[PDB]
Structures are given as structure tokens and as C-alpha cells.
Amino acid sequence: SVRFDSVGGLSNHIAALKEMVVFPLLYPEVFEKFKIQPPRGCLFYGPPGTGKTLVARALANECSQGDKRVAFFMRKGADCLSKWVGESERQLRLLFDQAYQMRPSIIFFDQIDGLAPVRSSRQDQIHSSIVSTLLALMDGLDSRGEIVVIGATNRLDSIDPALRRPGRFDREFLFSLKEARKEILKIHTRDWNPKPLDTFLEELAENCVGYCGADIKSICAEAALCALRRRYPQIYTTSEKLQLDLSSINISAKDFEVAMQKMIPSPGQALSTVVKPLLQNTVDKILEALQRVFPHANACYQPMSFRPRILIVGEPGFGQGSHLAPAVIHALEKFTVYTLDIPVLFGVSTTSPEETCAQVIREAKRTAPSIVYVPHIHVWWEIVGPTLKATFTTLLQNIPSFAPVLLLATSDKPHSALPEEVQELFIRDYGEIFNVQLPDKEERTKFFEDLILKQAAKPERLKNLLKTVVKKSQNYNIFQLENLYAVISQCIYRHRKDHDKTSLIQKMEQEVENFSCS
Amino acid sequence: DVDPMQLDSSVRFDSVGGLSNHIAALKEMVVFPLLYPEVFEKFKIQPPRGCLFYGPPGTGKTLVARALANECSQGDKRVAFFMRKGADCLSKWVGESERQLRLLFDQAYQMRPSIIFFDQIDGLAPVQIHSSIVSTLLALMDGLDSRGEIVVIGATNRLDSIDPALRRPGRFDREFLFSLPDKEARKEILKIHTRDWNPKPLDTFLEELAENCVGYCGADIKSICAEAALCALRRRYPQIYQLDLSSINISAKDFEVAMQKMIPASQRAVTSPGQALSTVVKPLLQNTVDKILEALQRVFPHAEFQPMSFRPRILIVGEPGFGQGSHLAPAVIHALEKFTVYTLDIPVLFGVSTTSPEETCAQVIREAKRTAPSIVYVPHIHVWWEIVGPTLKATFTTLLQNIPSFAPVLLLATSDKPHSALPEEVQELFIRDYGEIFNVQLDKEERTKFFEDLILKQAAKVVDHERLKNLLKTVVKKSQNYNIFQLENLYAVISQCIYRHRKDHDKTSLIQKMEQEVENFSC
Ligand SMILES: Nc1ncnc2c1ncn2[C@@H]1O[C@H](COP(=O)(O)OP(=O)(O)OP(=O)(O)O)[C@@H](O)[C@H]1O
Ligand SMILES: Nc1ncnc2c1ncn2[C@@H]1O[C@H](COP(=O)(O)OP(=O)(O)O)[C@@H](O)[C@H]1O
């Protein structure tokens with residue numbers, strides 16, 4: 001039922017899997033020209049929840065539909081278990097021949113852990129002969145095509161070590177657990193009478209942090225199930241269905257949100273729904289400046305730079321590391337990010353801090369371009385020992401000059417107050433230091449539109465009130481603004497069940513005048 | 001898994017390149033007793049029956065073993081082959097392991113002949129979970145009769161982690177070092193893996209290919225040769241994604257794009273310190289690099305290959321920013337190929353191999369003394385000296401006296417402070433009147449050469465072609481006192497101004513841009 005249309009996000013995995021597995025089986029005479037000798041053993045491995053067997057079934061559909069030029073047999077290495085001496089043994093030679101009498105073919109082996117476990121002194125002589133003669137079945141009945149052994153498992157070490165030898169089972173395909181999620185939401189709701197809004201589904205996928213595929217459909221089914229709970233609360237404690245129209249179970253804005261809150265669900269995090277219209281301008285500005293310094297976000301017509309470096313400096317309480325920098329990291333996605341802070345350096349024992357400080361830089365060198373994050377450099381410099389500072393400096397210096405790896409750091413004290421070793425590390429004469437500024441008047445004006453007023457009247461003079469709140473908030477930092485918002489929004493809850501107005505507005509207007517934060 | 005592995009008949013000593021002295025000595029231990037059974041009984045010989053392979057991974061450690069197994073099994077069918085890998089769900093678990101080893105040796109004696117191959121012994125017999133296994137292993141290996149006919153072959157990546165009771169003649173008597181191949185062996189490997197190809201590349205093409213590949217080991221060559229073909233195939237037929245096998249041949253521009261898409265094995269785990277001087281900066285420092293190697297032959301006359309040398313030392317001193325320890329030193333290390341290098345730096349003493357820093361220093365000193373000639377490399381000595389405790393300073397200073405006088409071990413060091421500034425103990429190692437101290441410096445011509453094919457040609461890919469010369473003179477005059485980091489920055493700030501004007505077909509709206517930028521640029 002799936003022909004590469006119920007798969008979301010896997011734009012690059014498909015190209016690799018088809019080119020090195022199916023195409024050599026789809027076009028075997030081509031590789032006779034150069035003698036590539038493609039491997040005869042392939043695997044699907046990764047964390048659970050990646051949907052490994054469905055890909056094999058899709059390959060079966062692709063190969064079977066047509067002229068039957070390449071085939072596929074579906075097999076499981078966990079239901080192929082026979083409690084007899086050698087009866088499950090014939091399954092592979094017949095299968096490696098049944099798929100060979102009608103070759104080419106791809107044979108899937110789900111959970112080979114049971115059919116071919118680790119033969120040992122505790123395992124049955126049955127399974128001992130099974131595994132021995134079984135590896136004899138595969139390494140002997142291969143090496144000329146056109147059978148490519150594809151298997152799946154949850155753990156890589158759950159395989160008999162004699163299987164993974166030269167000239168035997170070799171290849172491994174990494175399946176991992178957000179760009180896939182838009183495609184997933186598009187696909188899995190292909191036939192829905194209450195078709196949700198595209199922004200509705202995008203918010204759904206945004207709020208489904210940590211889910212991998214199956215639970216993505218599970219939440220949708222659960223949302224429908226609780227929709228018929230909420231629209232029809234009388235389903236409990238009622239007689240047989242007498243009059244129920246099964247069309248008012250339509251999913252609206254609040255249905256999935258009440259559905260999401262009924263189960264438990266990196267230094268990059270976008271702003272909240274309340275914070276976005278306050279710092280979005282500054283995030284865009286810093287992104288633009290970074291574009292200017294860092295062009296990656298002999299021969300010409302190729303981007304090049306000289307040691308990408310940048311420092312965020314702002315007065316404490318300006319949210320330069322509390323809200324800005326993780327947001328910038330989130331905005332500059334599709335690049336590897338690697339932090340270096342105290343709980344990641346001292347948070348693991350059985351290792352010297354020097355032992356991990358080299359691994360991050362080495363592996364970020366491997367995957368250039370990469371991002372290294374060092375928050376609160378003004379305090380991180382005074383916690384490490386004398387050797388760590390020197391090791392950090394030498395590791396940073398050993399980078400190539402034209403390597404497009406960016407150093408991102410944030411600070412609280414002004415640049416002129418830092419230790420001198422930091423000072424002769426940034427080039428303020430260049431574009432390497434960015435300043436954070438207080439929000440302007442429009443942002444503060446638009447920060448209070450929702451509560452004043454789009455929900456208070458939900459079942460004048462307050463406008464003067466409104467401007468007074470702004471008339472005092474010219475020079476308050478982010479934390480004071482947000483705490484003020486929370487304290488005002490509390491009173492709105494305080495009189496939910498008071499239809500009579502002019503008494504709640506009195507208490508709001510007297511609390512705002514009473515709010516002293518000098 | 002005691003069954004022999006069905007090896008291909010295509011590996012018959014014709015797929016091994018540059019390993020000739022090793023094969024020339026291996027065949028007189030295995031083959032000759034069997035093929036000349038009368039000459040070993042002329043008087044008495046009893047040839048040996050065991051050898052160790054040690055060295056970095058990826059140097060054809062197993063390929064020679066498979067080739068030996070196949071080539072031997074030709075006139076004495078069948079020579080048995082047994083393949084076991086160390087640390088394979090068998091260690092740290094007793095007492096099944098001794099039963100397994102005894103069974104393997106019994107069946108091997110039953111076969112007669114056989115070749116037993118223990119791979120990665122480092123995890124089997126470490127330097128009564130572990131005592132009982134090593135004891136029975138060595139008792140069994142001593143219980144082998146002299147004529148055998150059992151030959152035991154061990155492989156490892158580090159020699160330091162083996163029992164000292166095994167390296168005795170009678171168990172593991174002869175040791176073999178498998179180092180990286182040099183340029184000649186690299187060309188030989190290229191010729192071997194490109195044998196069944198009808199568009200045979202030219203010899204000069206192979207020479208330049210061999211020169212363009214440094215720090216590579218066997219598998220890198222295989223991957224590059226196997227993926228350049230896929231690059232050509234991908235480029236030829238993009239409409240097929242019946243097929244025509246007529247024009248899928250490989251050409252240039254396919255080898256270099258192949259070079260782009262992965263990293264060498266040396267940048268993965270080996271982490272070699274020597275790194276080739278960049279093509280952008282080459283015409284700025286090539287003369288200096290050639291000059292240093294000229295002054296290196298005064299003290300270490302092995303570099304021009306009864307060569308007698310006495311304590312070869314060298315130290316290149318300069319200003320903080322002249323690129324001593326950033327560009328020059330890895331280049332000089334690079335040009336001295338065929339000499340093994342061992343590194344002594346902060347990341348190596350401390351991060352890797354978390355034991356006392358007192359151990360790795362002794363290990364690298366002894367290993368360097370064992371395989372002379374070699375280079376011991378300790379850069380940034382004015383910072384290295386002030387991080388270590390007095391114990392390691394004493395250890396290091398005393399280990400440099402135990403080398404024999406005429407042993408060819410070169411010490412390479414770099415520094416930023418002037419000679420008289422360094423602490424007096426370090427000063428009591430370099431004897432400048434002997435010629436052990438080099439001073440580095442920053443000409444008009446060399447930077448002129450650095451600039452013209454950026455400010456003339458790359459900016460000409462309507463053009464005035466007159467004020468470019470004046471701009472070149474102005475900027476060159478302006479750059480009379482910058483250091484290397486600054487000088488290589490102006491190149492990156494002008495080319496970016498060019499990139500920002502990619503589609504500007506009029507090359508006049510940008511001229512004033514540079515004629516203002518170079519005056520708004522400051523050191
Ligand atoms: N990434 C995914 N995309 C789509 N459907 C998925 C995904 N992951 C899981 N599913 C669905 O949930 C089911 C559970 O997956 P499955 O049990 O095969 O994986 P597993 O956790 O490795 O377990 P096991 O190997 O024991 O079967 C799948 O059969 C499929 O219906
Ligand atoms: N000299 C060589 N000639 C041809 N191939 C080589 C050579 N050295 C290494 N290889 C490649 O390396 C692989 C074997 O590496 P191996 O010697 O097993 O390294 P290790 O023993 O450290 O795993 C082979 O697949 C082969 O293609």
C-alpha cells in the first residue's frame with residue numbers, strides 16, 4: 001500500500017539506498033564494467049521507532065510491480081525459529097535459492113538475533129548447528145549475485161560475531177529519529193474529513209518534541225478518540241446508541257491541545273509565543289550581521305572566510321544568553337552545534353576534563369562546517385584549571401585558517417573588563433563584537449495586545465491605563481517586563497467568575513500603579 | 001568459527017606492493033622447510049614458527065596473511081587456515097576459554113599443516129580472570145614440537161600491551177614493523193588496483209597522483225579508485241534514473257571531486273602533525289621553507305637521502321606572528337618524508353591515554369630510539385616548559401642523555417621568545433655557535449607575486465585595466481609592516497568584496513569600493 005509516498009523526510013537516505021543496493025541489482029551488468037564488487041550484506045540499524053520493515057516492504061512493492069526484473073521475499077529472523085535440529089536451516093538455502101530461481105531479489109531478515117544468536121556453551125546444540133551451518137549457508141551461497149542480504153535489528157551487538165567477517169555481512173544503514181515532520185503531517189492525514197489547518201498541523205509537529213513516527217500517528221488517533229469523548233461525554237453511563245450523529249466530532253483548535261496535554265513527551269530553542277514579537281527584530285539583526293562576517297550561512301565563486309569569530313556583549317539582564325543565543329542557534333539550523341559549558345565538562349566522571357575538550361574540537365573538525373558554543377565566557381574562564389586554558393588555546397589555534405568553523409560566545413561584563421587573554425582573542429577592529437539594546441516602543445506596545453484586550457472580554461479609560469504601563473516601561477529589562485506581564489495576567493484569572501466589571505479593572509489599575517521595581 | 005574462509009584466488013602476492021623484504025624473509029620460514037625438506041636436515045636447523053606484526057591500522061596487516069594462505073595452498077593441498085580475533089566474547093569469562101584454545105590447538109595438530117592467526121592480541125594476554133588464560137596459552141605454544149608444522153601469526157596495533165614472557169625465541173621470536181608506504185610504494189599500489197582497466201592512465205599522471213597523495217594507507221587508495229568510477233558513471237548518464245555501455249569512461253575533474261567528498265585516514269585517527277603548505281600561501285613562504293632545509297643538513301646529514309651525526313638539534317626562533325609554529329614547522333616535517341615522527345604536546349600528554357604523563361614520554365622516547373632515524377617534535381617550548389611539574393622535567397632531561405652518542409634522532413622545536421629570554425635550563429640544550437639556531441623573518445617581489453593573480457586576473461574573469469596597476473602599487477606600499485596573519489587577511493577581505501559583486505557585469509561600480517576599502521582597513 002506504500003510506494004515511496006508514505007515516507008517523510010528521507011530525501012537523502014533513499015538516494016543512497018537505491019544507488020548502492022537496488023540499482024546494482026536493478027542493473028547488474030553495469031558494475032561488470034569497472035569491478036566495483038558491491039557488498040553482499042546490508043543492514044538497517046538505529047534507535048527504535050524508525051520504521052525499518054516498512055522500507056523493505058516498499059522495496060518489495062517497487063521491485064515486484066513491473067516486469068519482475070528484481071524480486072523480494074519478506075522473512076523474519078525471529079519467527080523463523082524451529083525447535084528442531086536443522087529444520088529452520090533449510091529455510092535460508094531454499095530461500096536463497098527460491099529468490100535465486102526467480103532472481104534478482106532482496107531478502108529481508110527481521111531480528112536475526114533469534115535465528116542466529118551468539119552460539120556459546122549455554123545455547124542449544126540445535127541453535128549451535130543452526131548458526132554454524134547458517135553462516136555457512138550465506139557466505140557460501142553468495143558472492144556472485146543477485147541476492148543482497150538486508151536485515152534489521154535494534155542492537156548491533158545482538159549478532160553472532162562470526163557473521164560479521166570479511167566477505168560476509170558488511171553494510172549498515174543508519175536510521176535516526178524535524179523536516180521530516182511536515183511531510184509526516186501531510187501524509188498521515190491524507191483522508192480526513194475534519195482536515196486540520198496547515199498551521200494547525202505545523203504547530204502539532206512543533207509541540208510533538210521527542211516523538212518518532214509511530215507516536216505521531218498515535219497522538220492523532222488519541223485526539224480523535226478524546227474528541228469523541230469531549231463532544232459526547234454521555235458515552236459513559238448510557239444505554240445503547242439511540243441518536244448520535246458522528247459528524248460533530250470535528251477537530252478544532254483546542255481539541256488537539258487538550259489531547260497533547262494528557263501524556264508525557266540541544267542549546268537551541270526558538271522564542272515562546274509570548275516572546276517572539278519582542279526579540280524577533282534583534283534575532284534577525286544578529287543573523288544579518290553573522291551573514292556579513294560568516295559567508296557560509298585557486299578558484300573563486302566559492303565562499304571563504306578567515307577564522308569566523310563573534311561575541312555577544314550586553315549589560316546583565318539583557319537576555320544575551322538567556323533568550324538570544326539559543327534562538328540564533330535554532331535559526332542557524334542544518335549546522336552541527338557543539339557546546340562547551342561546565343555541566344558538560346564536569347558532569348561526567350571516569351574521564352579527565354582535558355579528555356573531552358579534545359574530542360569535541362576533533363569531531364567538529366570532522367564535520368565542517370560546525371558550531372562550537374561557549375556560553376558565559378566571563379565566568380567560564382575563572383573556573384577551569386591552569387592546564388585547561390592552555391589546552392583550549394592550542395586546540396583553537398591548530399585550526400586551518402580557511403576552515404569555516406564558527407566560535408560563538410556570550411558575555412555579561414563589557415568587553416573592556418574581561419581578562420586580557422580573552423581580549424587578545426577577539427578583533428573588535430573587525431566585525432567580531434555585537435551589542436544588544438533595549439526593545440523599542442512598538443515592541444513594548446505590541447507586547448500587551450493579547451491581554452489588553454482580546455481575552456478579558458471573552459465570556460474606554462483602560463486605554464489610558466495601557467499607555468501609563470508603557471509610560472513607565474521605557475527602561476526596564478527583559479526580566480522585569482516578563483514578570484510584570486505575569487503579575488498582571490494573574491489578576492485576569494483572579495476574577496474569571498465575576499461578570500461585574502469596573503471592580504477587576506480597578507484592581508488591575510491599582511496594582512500597576514503599585515508595581516515598584518526601582 | 002574454525003572453518004577456513006573461502007579466499008579469492010586473485011590475491012596471490014600480486015596485490016601487495018612495496019612489501020618485499022618482509023616477504024623475502026617470510027617465505028624462508030614457512031615454505032622452504034616444506035618445499036626443500038632436505039636442506040633443513042643437512043646438519044640441523046629447525047626453522048622458527050612464529051612472528052608478530054605491529055603498526056598503525058590500515059597498512060595491509062591482514063592482506064599479506066590472506067595472500068600467504070592462498071599462495072601456500074598450491075602444491076601441498078590443503079594448507080589449513082584458522083582465523084580468530086582477540087577479545088571476542090571470550091575474555092573476562094572462565095573457564096570455557098582455555099577449553100576453546102585447547103580444542104583449537106588439538107584440531108590444528110590434527111590437520112597438519114595449518115596457519116593460526118590471532119588478531120588483536122592486545123585484549124587477550126594483557127601486560128585469575130586473565131592469568132589463567134595467558135598461562136595456558138603460553139604452555140600450549142611451548143608444547144608445540146619444533147618442526148610443527150604449526151605457524152602462529154599474531155597481529156596488533158600497539159606493541160606495548162603484550163606479555164614480556166611471550167617475546168622469547170620459541171614463541172614469538174621475530175618481529176615485523178608495518179609502517180606507512182612511501183611515494184614509490186604508493187605508486188605501486190595505484191598500479192596494482194588499476195590493472196584491469198582499458199583506459200590505462202599515463203605514467204606521468206601516475207607520478208603526479210602519487211605526489212598528490214600523502215598520509216594515505218591502502219584503504220584510502222581503494223576508496224578513491226572505487227568512487228571516482230561512480231563519479232564518472234553518475235556524470236555520464238543522468239537521464240536513466242535498457243542502458244548503453246558505450247561512453248561511461250573516466251577522465252580528469254573526476255579524481256579531484258572525489259578528493260573533495262571525504263577526509264583521509266590520517267585526519268581521522270592517526271592525527272599526523274605534518275601538513276602540506278597551502279597553495280594560496282605557497283609563493284610567500286616556499287623560499288623560506290627551502291632555506292631551512294638547506295641549514296638542516298649541517299647538523300642532520302641523513303636528510304640528503306658512513307653518515308656520522310652528533311646529537312642533531314634545531315630550533316627556529318622568530319617574532320610572535322611570523323608563522324613559525326603555524327605554517328613553517330608542519331611543512332618542514334612534511335618535506336622530510338620516510339622519517340617517522342612522534343609528537344610530545346599538551347593534548348597528547350594529558351587528554352589521550354589518561355595515565356601519569358610520566359609514562360607516554362618514556363614510551364615515545366624509547367620507540368623513537370628503536371627505529372632510528374626519526375624526528376621528535378615538541379612545539380611551543382616556551383609554553384610547554386611552564387605547564388609540567390618538576391618530575392617530568394627531570395625525566396625528560398635525563399632521557400635525552402641515555403641515547404647513544406651517534407644515534408640519528410633529531411629534536412625539532414619552535415619558539416616565540418628570543419633565545420636569551422627562554423629559561424636557562426632550556427637554554428642549556430642549544431649551542432648556536434654549532435649552528436642549531438635559526439632566525440626567521442618576513443620582500444616586495446614575494447608579496448607582489450602573492451597579489452597580482454588576485455587583483456589582475458581573478459578580477460578580470462568593461463574593465464579599465466589601467467588603474468589596477470596603481471591600486472596594486474598603493475596596497476603593496478601600504479603592506480610594508482604587516483605580519484603573516486594580517487597579510488593573509490587582506491587577501492580574504494578583497495576577494496569577498498569581489499564575491500559580493502558576482503553578477504555586476506560593469507566592473508567600474510566596484511573599483512571605487514576597493515579604492516575606499518583599503519584606506520578604511522587598519523592593522
Ligand atoms: N518512523 C516510523 N514511521 C512510521 N511508522 C512507524 C515508525 N516507527 C514505528 N512505526 C510504526 O510503529 C510500529 C512499531 O515499529 P517496530 O515494532 O517495527 O519497531 P521496533 O521498535 O524496532 O520493534 P520490533 O523490532 O520489536 O518490531 C511499526 O510497525 C509501524 O507501524
Ligand atoms: N598495501 C596494500 N595494497 C592493497 N590494499 C591494501 C593495502 N593495505 C591496505 N589495503 C586495504 O586495506 C584493507 C585491509 O586492511 P587491514 O590490513 O585489515 O587493516 P587492519 O588489519 O588494521 O584492519 C583491505 O581491504 C585492502 O583493500
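Per the deposited record, cryo-EM is how this structure was determined, to a resolution of 3.79 Å.

## As for the overall build of chain A
Assigned secondary structure in chain A consists of 20 helices and 10 strands. For 518 residues, the compact-globule estimate of 2.2 N^0.38 gives 24 Å, and the C-alpha radius of gyration of chain A, at 31 Å, exceeds that figure by more than 25%. If one aligns the C-alpha atoms of chain A with their principal axes, the spans along those axes are about 85 × 80 × 50 Å. Taken over 518 residues, chain A has a buried fraction of 39%. For chain A, the exposed area adds up to about 30300 Å²; of that, 53% sits on carbon and sulfur atoms. If the 63 positive side-chain charges of chain A are averaged to one point and the 60 negative ones to another, these points end up 4 Å apart.

## Here we look at the site of ligand 2
Residues and elements named next belong to chain B. Surveying the vicinity of ligand 2 reveals 14 residues, the closest of which are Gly 58, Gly 60, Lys 61, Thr 62 and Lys 222. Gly 58 is positioned such that a nitrogen or oxygen atom in its backbone is 3.1 Å from an oxygen atom of ligand 2. Residue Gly 60 places a main-chain N or O atom 3.1 Å away from a nitrogen atom belonging to ligand 2. Against a free-state accessible area of 560 Å², the protein chains account for coverage of 75% of ligand 2. Elements with a minimum of two residues in the shell around ligand 2: α2 (63–72), α5 (183–193) and α7 (219–236). Class assignment for the residues of the shell around ligand 2 results in four nonpolar, seven polar and three charged.

## Description of the UniProt feature "binding site: ATP" in chain B
Residues and elements named next belong to chain B. The sites that carry the UniProt feature "binding site: ATP" are, in the present numbering, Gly 55, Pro 56, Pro 57, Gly 58, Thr 59, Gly 60, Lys 61 and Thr 62. Tracing the chain through its elements places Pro 56 in the loop between β1 (50–54) and α2. Excluding its chain neighbours within four sequence positions, the residues that come into contact with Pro 56 are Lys 61, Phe 178 and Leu 180. Tracing the backbone shows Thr 62 in the loop between β1 and α2. With a relative accessible area of 23%, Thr 62 lands in the partly exposed category.

## Things to note about the packing of aromatic side chains
Tallied over the full model, the rule gives 23 aromatic pairs over all chains. Here the aromatic rings of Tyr 430 of chain A and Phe 521 of chain B are separated by 6.4 Å at their centres, their planes lie at 25 degrees, and the arrangement is stacked. With one member in each of two chains, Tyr 430 of chain A in the loop between α16 (420–423) and β10 (433–435) and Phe 521 of chain B in the segment after α19 (511–520) form a pair that bridges those chains. Aromatic pair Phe 447 of chain A and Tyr 485 of chain A: ring centres 5.5 Å apart, planes at 25 degrees, arrangement stacked. For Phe 447 of chain A, a relative accessible area of 7% gives the class buried. Through successive ring pairs, a cluster of aromatic residues spans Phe 44, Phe 108, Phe 173 and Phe 175 of chain A. In this structure, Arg 311 of chain B is placed above the aromatic ring of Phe 310 of chain B, and the distance from its NZ or CZ to the ring centre is 5.7 Å.

## A few points about helix α8 (residues 214–230) of chain A
Residue pairs spaced three or four apart in an α-helix point in one direction, given the helix's 3.6 residues per turn. All names here are of chain A. Compared with an ideal rise of 1.5 Å per residue, which puts 17 residues at 24 Å, α8 spans 24 Å between its outermost C-alpha atoms and is within 8% of the ideal. Buried within α8 are the following residues: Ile 216, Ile 219, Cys 220, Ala 223, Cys 226 and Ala 227. For α8, the angular spread of the buried residues around the axis is 135 degrees, confining them to a single face. Contacts from the buried residues of α8 go to α6 (179–188) and α9 (253–260).

## Structural notes on unusual backbone geometry
A cis amide bond, omega -15 degrees, links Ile 452 of chain A with the succeeding residue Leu 453 of chain A. With respect to the helices and strands, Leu 453 of chain A occurs in the loop between α17 (441–446) and α18 (462–472). A cis amide bond, omega 0 degrees, links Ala 372 of chain B with the succeeding residue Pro 373 of chain B. Residue placement: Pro 373 of chain B occurs in the loop between α12 (357–370) and β8 (374–378). The phi dihedral of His 376 of chain A falls on the positive side, at around 50 degrees, and the residue is not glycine.

## Brief notes about the pattern of salt bridges
All names here are of chain B. Tallied over the full model, the rule gives 26 salt bridges over all chains. Among the ionic pairs, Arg 84 bridges to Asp 88, the shortest N-O distance being 3.6 Å. On the basis of relative accessibility, which here comes to 16%, the residue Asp 88 falls in the buried class. The salt bridge involving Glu 515 is made with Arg 467; its shortest N-O contact spans 2.6 Å. In this pair, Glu 515 is assigned in helix α19 and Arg 467 in helix α17 (residues 467–478), connecting sequence segments 48 residues apart. We classify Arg 467 as partly exposed; its relative accessible area is 35%. The structure contains a network of salt bridges with shared partners spanning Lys 183, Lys 187, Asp 203 and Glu 207.

## A look at the sheet that holds strand β10 (residues 437–439) of chain B
All names here are of chain B. Read from one edge to the other, the open sheet built from five strands follows the order β7-β8-β9-β6-β10, with strand pairing classed as parallel. Looking at the sheet topology across the chains shown, the edges are occupied by β7 (340–343) and β10. If you compare each strand with its neighbour and ignore which way they point, the axes differ by 20 degrees on average. The sheet contact formed by β7 and β8 spans four bridges and is parallel. Residue pairing across strands places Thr 343 opposite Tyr 377, the latter belonging to β8. Across the face of the sheet, helix α10 (residues 324–335) comes into contact with β6 (313–317), β8 and β9 (409–415) while running at roughly 160 degrees to β9. Across the face of the sheet, α12 comes into contact with β7, β8 and β9 while running at roughly 170 degrees to β7.

## So, the site of ligand 1
Residues and elements named next belong to chain A. Close to ligand 1 lie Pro 48, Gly 49, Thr 50, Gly 51, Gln 111, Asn 154, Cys 212, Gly 213, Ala 214 and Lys 217, which account for all nearby residues. Within the backbone of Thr 50, an N or O atom sits 3.4 Å from a nitrogen atom of ligand 1. Relative to its unbound accessible area of 610 Å², ligand 1 is 52% covered by the protein chains. Split into classes, the residues belonging to the shell around ligand 1 amount to three nonpolar, six polar and one charged.

## A short note on the interface of chain A and chain B
Facing 39 residues of chain A, the contacting portion of chain B comprises 43 residues. Across the chain A/chain B interface, buried area totals approximately 4000 Å², and carbon plus sulfur atoms make up 63% of it. Connecting chain A to chain B are one salt bridge. A salt bridge links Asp 1 of chain B to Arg 165 of chain A, with the shortest nitrogen-to-oxygen separation between them at 3.1 Å. At the surface where chain A touches chain B, the tally comes to four residue pairs in polar contact. Mapped onto the side of chain A that touches chain B, the elements with two or more residues apiece are α1 (11–26), α13 (353–366) and α15 (386–397) of chain A. Take the side of chain A that touches chain B: its biggest share by element is five residues, from α15 of chain A.

## Thoughts on the state of the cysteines
Enumeration over the complete set of coordinates arrives at zero disulfides over all chains. Residue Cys 491 of chain A stays outside any disulfide, its sulfur separated by 16 Å from that of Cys 517 of chain A, the closest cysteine. A residue is classified by how much of its surface remains accessible, and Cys 491 of chain A, at 9% relative accessible area, is buried. We note that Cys 523 of chain B lacks a disulfide partner, and the nearest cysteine sulfur, in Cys 497 of chain B, lies 18 Å from it.

Definitions and limits used
- Residues numbered from 1 in each chain as written, not as in the entry; some residues may be left out.
- Chains lettered and ligands numbered in written order.
- Part of a larger assembly, values for the part shown.
- Heavy atoms only, no water.
- Helix = DSSP H or I, 4+ residues; strand = E, 2+ residues; numbered from the N terminus.
- Rg over C-alpha atoms; globule rule 2.2 N^0.38 Å.
- Buried < 20%, exposed > 50% of the residue type's maximum accessible area, 1.4 Å probe, protein only.
- Areas by Shrake-Rupley, 256 points an atom, 1.4 Å probe, with all protein chains shown as cover.
- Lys, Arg positive; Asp, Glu negative; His and termini not counted.
- Charge placed at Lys NZ, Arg CZ, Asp CG, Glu CD.
- Near = heavy atom within 4 Å.
- Polar contact = N/O pair within 3.5 Å; in protein donor to acceptor, adjacent residues only side chain to side chain.
- Nonpolar A, V, L, I, M, F, W, Y, C, P; charged D, E, K, R; others polar.
- UniProt positions renumbered as here; feature names shortened; annotations may be inferred.
- Contact = heavy atoms within 4.5 Å.
- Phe/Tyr/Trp six-rings, centres within 6.5 Å; stacked < 30°, edge-to-face > 60°.
- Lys NZ or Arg CZ within 6 Å of the ring centre and 35° of its normal.
- Expected span 1.5 Å × (residues − 1).
- Arc of directions from axis to C-beta.
- Salt bridge = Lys/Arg side-chain N within 4 Å of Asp/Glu carboxyl O.
- Pairing = 2+ DSSP bridges.
- Axes fitted to C-alpha atoms, helices over the stretch in contact; angles between N-to-C directions.
- Buried area = accessible area lost by both parts, 1.4 Å probe.
- Disulfide = S-S within 2.5 Å.

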